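# Chain and residue survey
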Amino acid sequence: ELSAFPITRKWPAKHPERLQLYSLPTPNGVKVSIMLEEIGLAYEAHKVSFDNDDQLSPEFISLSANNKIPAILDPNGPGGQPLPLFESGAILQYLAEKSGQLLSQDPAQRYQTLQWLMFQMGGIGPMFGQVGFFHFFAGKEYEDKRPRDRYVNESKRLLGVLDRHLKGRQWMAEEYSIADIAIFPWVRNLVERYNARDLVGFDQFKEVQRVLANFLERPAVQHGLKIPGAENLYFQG
Amino acid sequence: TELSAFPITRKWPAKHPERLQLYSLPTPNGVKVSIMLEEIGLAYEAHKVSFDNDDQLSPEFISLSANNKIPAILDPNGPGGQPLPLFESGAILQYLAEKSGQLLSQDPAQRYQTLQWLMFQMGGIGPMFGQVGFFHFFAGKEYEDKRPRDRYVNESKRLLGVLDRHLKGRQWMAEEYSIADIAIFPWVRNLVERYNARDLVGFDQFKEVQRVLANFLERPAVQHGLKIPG
Ligand SMILES: N[C@@H](CCC(=O)N[C@@H](CSSC[C@H](NC(=O)CC[C@H](N)C(=O)O)C(=O)NCC(=O)O)C(=O)NCC(=O)O)C(=O)O
Ligand SMILES: N[C@@H](CCC(=O)N[C@@H](CSSC[C@H](NC(=O)CC[C@H](N)C(=O)O)C(=O)NCC(=O)O)C(=O)NCC(=O)O)C(=O)O
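Residues numbered from 1 in each chain as written, not as in the entry; some residues may be left out. Chains lettered and ligands numbered in written order. Heavy atoms only, no water.

Regarding how it was determined, this PDB entry cites X-ray crystallography in its header, along with a resolution of 1.301 Å.

Put into structure tokens, the structure is as follows:
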């Protein structure tokens, strides 16, 4: 019964028995594609193009109320009923709990993982994103650099928190988890796409560098970083 | 493990070591947790972490709360009866809901909708309303270039619209009062009261947000939690 969800009018399901992903390769979108690749859950990816204002369409918003990617529609949700969901961090937790992977069953570790996920969702994403605005997008042209410097300094502070935490450790929690999947695409985005490597003094965070490199070596990460592409759009036009 | 193993307790000793320890300040994020504790009826001992004194930047505080922020907790009666340290208001809300079996629906689909709205709060409402505070109420108000202010004001208006349209015909964010309401409404109150941003964000227009906020503020646990720690 996916036809009850208007999003499917705009991105029809070729495989309605599979989880539907509505996304774009961005630091938030790739959290979810990476997660799906890691856990081996079948899914059907759909490209939501910002160039066409797709994320502002009534069909998209009918599921993803905040007009943002990523969003999912899982036909095999609780009770075998479809589950609509947005917010990358909520989707990560949902998928971890659904699959039993990448979120510890040990309660204390569960909560430590959720803590670091929330740190990402409130700190890393929002603050690194402002560095992008003030160094890579329109804000880069603003002559008054006090705003830029606010967000750069805060991003450096957050990197320091990560760096100190990761000393002596492989991952944020005792096992690789959704907290890593949430954080490291954003670290990558800051130092690659936003061209902010020197601005945030990245070379001083040796532990973050080490763990980022380990993250990027993972085959599921390399796949998930690239998904969705456009091929799922072509037959429809 | 015993509570003295956590260096935070050197600076804020536990007078009641059998009780959950809260390290907080009356702020939109701190009151999420004090409100939650009041709602669920769990005993706790609150400690004031003074921003005026840079307490949140002390080594003792940071030893538990690694991001140097309030709120944080240390629950002696954590899972398996072992002490559990935790920071991030949204994580603490999930923890307390799961510990108490309150304020998350038994319907897992409703639980996930609730967690969605909690993440919307944690990534959108808190960070963006907080920037309106900086650029309207605190020192960023002095900046002659208003493009940053307007960026955050416009985004805050957009977020309020999302809430407002969602709340039409509803009492709460999910079908029952939940941790998502507790996360969101203290921030709405902060924006319009503390930051004096009521005209700035055109708050008058969000009739559903106003209605639900008013209901929220009538709850006794909310009134009590707003003032803790004193
Ligand atoms: N909390 C949400 C954030 C989702 C999100 O930001 N999605 C972006 C693409 S990810 S790309 C990263 C994203 N940037 C943007 O969205 C750029 C556009 C924005 N309106 C602006 O002016 O900065 C960002 O900084 N995010 C901060 C964070 O993660 O907390 C989107 O759909 N934008 C469409 C739109 O805005 O119309 C989540 O985790 O899912
Ligand atoms: N994600 C964390 C956020 C916690 C948080 O922001 N705590 C504040 C007090 S709540 S008061 C609201 C808070 N403001 C501030 O923290 C003001 C100081 C800041 N450094 C600045 O320059 O703006 C804010 O805007 N928060 C955004 C959000 O909730 O996402 C704190 O301890 N600050 C100490 C410090 O910065 O040294 C959570 O949910 O627990």
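## Some words on the UniProt feature "domain: GST N-terminal" (unreviewed entry) in chain A
Per the UniProt entry, the sites bearing "domain: GST N-terminal" (unreviewed entry) are residues 16-103 of chain A in this numbering. In the segment residues 16-103 of chain A, helix accounts for 35% and strand for 20%; the C-alpha atoms at its two ends are 27 Å apart. (UniProt positions renumbered as here; feature names shortened; annotations may be inferred. Helix = DSSP H or I, 4+ residues; strand = E, 2+ residues; numbered from the N terminus.)

## What about the site of ligand 2?
Taken together, 18 residues surround ligand 2, and among them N29, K69, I70, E88 and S89 of chain B come closest. Flanking ligand 2 are residues from chains A and B. Within the side chain of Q56 of chain B, one N or O atom sits 3.0 Å away from an oxygen atom of ligand 2. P127 of chain B places a polar main-chain atom, nitrogen or oxygen, 3.2 Å from an oxygen atom of ligand 2. Where the shell around ligand 2 is concerned, the elements lending two or more residues are helix 2 (28-40) and helix 5 (108-137) of chain B. (Near = heavy atom within 4 Å. Polar contact = N/O pair within 3.5 Å; in protein donor to acceptor, adjacent residues only side chain to side chain.)

## Describing the interface of chain A and chain B
Counting from both sides, the interface comprises 44 residues of chain A and, opposite them, 43 residues of chain B. Taking both sides of the interface into account, the surface hidden between chain A and chain B amounts to around 3700 Å²; carbon and sulfur atoms contribute 61%. Its largest share of buried area at the contact with chain B, chain A owes to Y111, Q115 and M118 of chain A, together 18% of the area lost on that side. Across the chain A-chain B interface, the total number found is 3 salt bridges. Residue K68 of chain A is joined to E155 of chain B by a salt bridge in which the shortest nitrogen-to-oxygen separation is 3.6 Å. The interface formed by chain A and chain B holds 17 residue pairs in polar contact in total. Of all the secondary structure elements, the ones that give two or more residues to the side of chain A that touches chain B are strand 4 (83-86), helix 4 (88-99), helix 5 (107-135) and helix 6 (146-166) of chain A. Partitioned by chemical class, the residues of the side of chain A that touches chain B number 26 nonpolar, 8 polar and 10 charged. (Contact = heavy atoms within 4.5 Å. Buried area = accessible area lost by both parts, 1.4 Å probe. Salt bridge = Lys/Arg side-chain N within 4 Å of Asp/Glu carboxyl O. Nonpolar A, V, L, I, M, F, W, Y, C, P; charged D, E, K, R; others polar.)

## Observations concerning the packing of helix 2 of chain B against helix 7 (residues 179-194) of chain B
Residues and elements named next belong to chain B. Axis separation between helix 2 and helix 7 bottoms out at 9 Å; the angle between their running directions is 135 degrees. When the axis of helix 2 is compared with that of helix 7, the two are oblique. Note on packing geometry: the crossing formed by helix 2 with helix 7 is right-handed. Touching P28, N29, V31, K32, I35, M36 and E39 of helix 2 are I179, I182, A183, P186, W187 and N190, all from helix 7. Class assignment for the residues of the contact of helix 2 with helix 7 results in 9 nonpolar, 2 polar and 2 charged. (Axes fitted to C-alpha atoms, helices over the stretch in contact; angles between N-to-C directions. Parallel < 35°, antiparallel > 145°, perpendicular 65-115°, else oblique. Left-handed = near helix turned anticlockwise from the far one by under 90°.)

## Topic: the sheet that holds strand 1 (residues 20-24) of chain B
All names here are of chain B. The strand order across the open sheet built from 4 strands is 2-1-3-4, with neighbouring strands paired in mixed fashion. A single partner strand is all that each edge strand has here, and the edge strands are strand 2 (44-48) and strand 4 (84-87). Here the strands of the sheet are splayed against their neighbours by 15 degrees on average, with no regard to which way each runs. Bridge count for strand 1 against strand 2 is 5 bridges, and the pairing is parallel. (Pairing = 2+ DSSP bridges.)

## A few points about the domain arrangement of chain A
The figure often quoted for interface size is the accessible area lost as the parts come together. Residues and elements named next belong to chain A. Taken domain by domain, chain A comprises domain 1 (1-103 + 219-237) and domain 2 (104-218). Each of domain 1 and domain 2 has a C-alpha centre, and the two are 24 Å apart. Between domain 1 and domain 2, the residue contacts involve 22 residues of the former and 21 residues of the latter. Where domain 1 abuts domain 2, roughly 1800 Å² becomes buried across the two surfaces, and 65% of that area is made up of carbon and sulfur atoms. Together, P27, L102 and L103 form the three largest contributors to the area buried by domain 1 at its contact with domain 2, with a combined 34%. Here domain 1 is connected to domain 2 by 2 salt bridges. The shortest N-O distance in the salt bridge between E38 and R218 comes to 2.8 Å. Counting the contacts that link domain 1 with domain 2 gives 10 residue pairs in polar contact. For the side of domain 1 that touches domain 2, the elements supplying multiple residues, two or more each, are helix 2 (27-39), helix 4 and helix 9 (219-224). In terms of residue class, the side of domain 1 that touches domain 2 is made up of 12 nonpolar, 6 polar and 4 charged. (Domains from an automatic or database assignment.)

## Side note on the packing of helix 5 of chain A against helix 6 (residues 147-167) of chain B
Viewed as axis vectors pointing N to C, helix 5 of chain A and helix 6 of chain B meet at an angle of 135 degrees, and their least axial separation amounts to 13 Å. The orientation of helix 5 of chain A relative to helix 6 of chain B falls into the category oblique. When you trace helix 5 of chain A past helix 6 of chain B, the crossing you get is right-handed. Contact with helix 5 of chain A, carried on its side by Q130, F133 and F134 of chain A, involves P148, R151 and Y152 of chain B of helix 6 of chain B and no other residues of that element. Looking at the contact of helix 5 of chain A with helix 6 of chain B, its residues break down into 4 nonpolar, 1 polar and 1 charged.

## Points about helix 5 of chain B
Residue and element names in this part refer to chain B. Along its 30 residues, helix 5 runs 40 Å from first to last C-alpha, staying within 8% of the 44 Å computed at 1.5 Å per residue. Counted residue by residue, helix 5 has 25 buried out of 30 residues, so it is predominantly covered. N-cap assignment for helix 5: the residue whose side-chain oxygen lies 2.9 Å from the backbone N of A109 is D107. (Expected span 1.5 Å × (residues − 1). Buried < 20%, exposed > 50% of the residue type's maximum accessible area, 1.4 Å probe, protein only.)

## Here's the deal with the pattern of salt bridges
Per the stated rule, a full pass over the model turns up 25 salt bridges over all chains. A salt bridge links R111 of chain B to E97 of chain A; the shortest N-O distance between them is 3.0 Å. Within this pair, whereas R111 of chain B is found in helix 5, its partner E97 of chain A is found in helix 4, the two belonging to separate chains. Here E155 of chain B ties to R158 of chain B by a salt bridge, and the two come within 2.8 Å at their closest N and O atoms. Within this pair, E155 of chain B and its partner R158 of chain B are both found in helix 6, separated by 3 residues, close to a single helical turn. The exposure class assigned to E155 of chain B is buried, which follows from its relative accessible area of 16%.

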